[PDB]
Every structure is written in C-alpha cells, then in structure tokens.
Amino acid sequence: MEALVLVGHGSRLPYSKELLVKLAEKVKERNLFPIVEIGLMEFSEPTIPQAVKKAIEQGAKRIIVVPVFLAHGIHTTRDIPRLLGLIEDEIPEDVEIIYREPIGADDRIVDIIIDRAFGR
C-alpha cells in the first residue's frame, strides 16, 4: 500500500546511481516497505517519473519520496517538486505523494565523517 522512492542527483559517472542502488537494496533487506524504487534526477535511468510510475503500477497508494541529498538545493526545492507535480510549472486521485526532508546535519553523518577521517 505504501512505497519508498529514493531519489538522487544522478551523474555522468556511475557512482551516484550505484549509491542509490546499494541504499535501496539495504532498505529492502530491512523489510519495512512492500515497494522500494529509485529514481535519478538527471543523466541516468530510472528517472524520477519512472520510479514513481513503477511504484503506482505495483499498487502503491502512498508514495514516500525521500531525497537522498545532504542539503537542500535547487534540486530539492524546485526541480524534484516540479517532477512530482507538487509545485506548478499522472498522479491518480487515490495516490498521495509524501515528499520528505533530505539528510541534513544528522549526528550520524558526524559519526560517518569521523570514521572517514580515520580511513574507516
């Protein structure tokens, strides 16, 4: 009934997509959502509209979109909201989009950064 759609920037290099793919597979291992999909804003497929459409086709009525971005930027305030039809510039009536917050300066990001600082 509900889907998690992870959306990322995309890249002409493969690492941004590989990131989202690994993150989605880990989320799937958690067994929290019946439907998990990824979408890339630019350069690579699946795109964000394709990811949302896939979620709908699989039967999701609530689509939770999590922007896998560290900070807000034009991507998360304009481009992705536009793609999702959330701001003015096909979502069935019985489907709601829930657009969530980016990662931000989470304490766990500090933990990761310190590990990286020490090469771990």
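Note that residue numbering begins at 1 and tracks the sequence as displayed.
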Inset, instruction - Scan the PDB entry between residue 89 and residue 90 and report the missing deposited residues as one of none, 1 to 3, 4 to 9, 10 or more. - result: 10 or more
Legend entry - Stretch exceeding the other in mean C-alpha B-factor - 90-98, 30-38: 90-98
Inset, instruction - On mean C-alpha B-factor from the PDB entry, just flag whether 52-60 or 69-77 is the higher one. - result: 52-60
Legend entry - Most elevated Cα B-factor in the entry, residues 1, 113, 4, 7: 1
